[PDB]
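Next up is one chain by itself, shown in structure tokens, the form deposited in one PDB entry.
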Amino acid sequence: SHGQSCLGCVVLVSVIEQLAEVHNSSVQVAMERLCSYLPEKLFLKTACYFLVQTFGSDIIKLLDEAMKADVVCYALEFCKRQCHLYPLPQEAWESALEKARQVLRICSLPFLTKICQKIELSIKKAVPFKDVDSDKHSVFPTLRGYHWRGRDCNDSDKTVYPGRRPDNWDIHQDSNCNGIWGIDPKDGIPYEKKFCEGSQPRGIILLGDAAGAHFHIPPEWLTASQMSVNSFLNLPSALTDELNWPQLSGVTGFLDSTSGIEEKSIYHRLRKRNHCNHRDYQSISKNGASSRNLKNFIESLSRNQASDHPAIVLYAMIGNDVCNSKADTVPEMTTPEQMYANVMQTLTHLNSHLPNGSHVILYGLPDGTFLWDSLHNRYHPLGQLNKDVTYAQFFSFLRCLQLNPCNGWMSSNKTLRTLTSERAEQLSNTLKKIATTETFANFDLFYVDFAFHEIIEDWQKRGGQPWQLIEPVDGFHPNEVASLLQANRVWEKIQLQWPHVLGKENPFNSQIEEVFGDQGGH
């Protein structure tokens, strides 16, 4: 477990060294300035001052000796036997380390132990931590809260959750938190059935991985040049969301896009098309999710076979079947045979858990050689200041720490990059053939490929560069923009060939807009 600590240490000491340079300050002044930017929420600002108190004196002497973060953290025993992040010949590596020895020479608390043990299960099971009625929908934003699924309007009632069939069409209280309830004043007719009946409502559900949940570390947290108090305001919400931003993803996103592009999420297209689908979105996605381990949390899916509407399900395991952290990485890659066996088991679980009239769309896997081609000679946020860390050096560093999320594509071995894409193609064809030659009772099966090159063409006509489609910090996942151009590219395709999956526009939208408006928001 030295990798995660070693990485974290090098990240922090890097920020420290760089904040000192940006402001022409001392190492002490930088550490005080760093904590100054962090918020108090979740005790982050307290932990900062503690670490400065515990390690500050040692860090100041080492950085004053021109040592870089990687050497510092190996001297401070945060990195254990070496992995270079900055260029340095091994002879120069030994001297600096031997010079650091002559200079220098959590949840266990009984009162905090159990809540730690309680938080662990809620996340690991992919269920909201704040959920009194245990309907898996929450009134809280993060901790698997309503950022991932529609917010719960009645947290006390375990029969009230988005996607539920109208219970007597909500004469007295909103049954599915979709913002429509009550009766028509003129005629005494329930608002719900008046508006939403016969429209064939359908929900959007995501079975995906980190990319599906829009994993995103803001580069602002790592670029000292533009750091401020406003850089870390969203840090507490991010940590409690597992560094995921599903509210902004391309599938289950419901917030306005910061990126500025006009494309909207599938859920937004879904809700826009039929105001009854309001809040009928679910993000059943976890970091590291693959065809092998989806079963370990697919139970978090909340959809009752009898009391809920149909659903549009997207199976989006877009890499972890080829992307792994092992040194001998190819053996860990899922084979087409294992891919077939794992998906069929996953589909079988859905036919037993999804109401009839549902639809499942299998995503293909993209050609991840795009990662190295676009980024290998560009500078990681931690290297942008002094232009001393390229994504190539960043991939090698992570590889050394056994932390590289995709040894197959985030690699300088072209032969392996090709080998990894070939496997990604073979797995995509398996998903294609399944949708064609496999039939199920409660839903039909379709396949749309990723086709990253198509999204790049759409991006280049817009005046953008391909490297602007990848998360800057990890250089691996697609960013908010790429996710939306994909969701758009997917939505258009299903429309042109399988419009019944999405349905057809409900003409009461305007009549629902006229009467209810925002419908309680999200």
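Throughout, we count residues from 1 along the sequence that is shown. By rigid core we mean the largest C-alpha set that fits within 1.5 Å across both forms. Residues that one form lacks are left out of the comparison.
The discussion below concerns the form deposited in another entry, not included here.
Peer 1: If you line up the core, which of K114, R165, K295, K272 has a CA that moves 2 Å or more between this form and the one not shown?
Peer 2: Among the listed residues, the outlier is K114.
Peer 1: Does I123 move appreciably between this form and the one not shown, meaning a CA displacement of 2 Å or more on the superposed rigid core?
Peer 2: Yes.
Peer 1: A 3 angstroms or greater change in CA distance between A210 and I119 is reported in the other form. Closer or farther than in this form?
Peer 2: Relative to the displayed form, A210 and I119 draw closer in the other form - a change of at least 3 Å between their C-alphas.
Peer 1: So the Cα-Cα distance between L112 and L12 shifts by 3 Å or more in the other form; is it shorter or longer than what we see here?
Peer 2: Nearer in the other form, by 3 Å or more.
Peer 1: Are there runs of at least three residues between this form and the one not shown whose C-alphas all move 2 Å or more relative to the rigid core, and where are they?
Peer 2: This is the sole shifted run between this form and the one not shown: 107-123.
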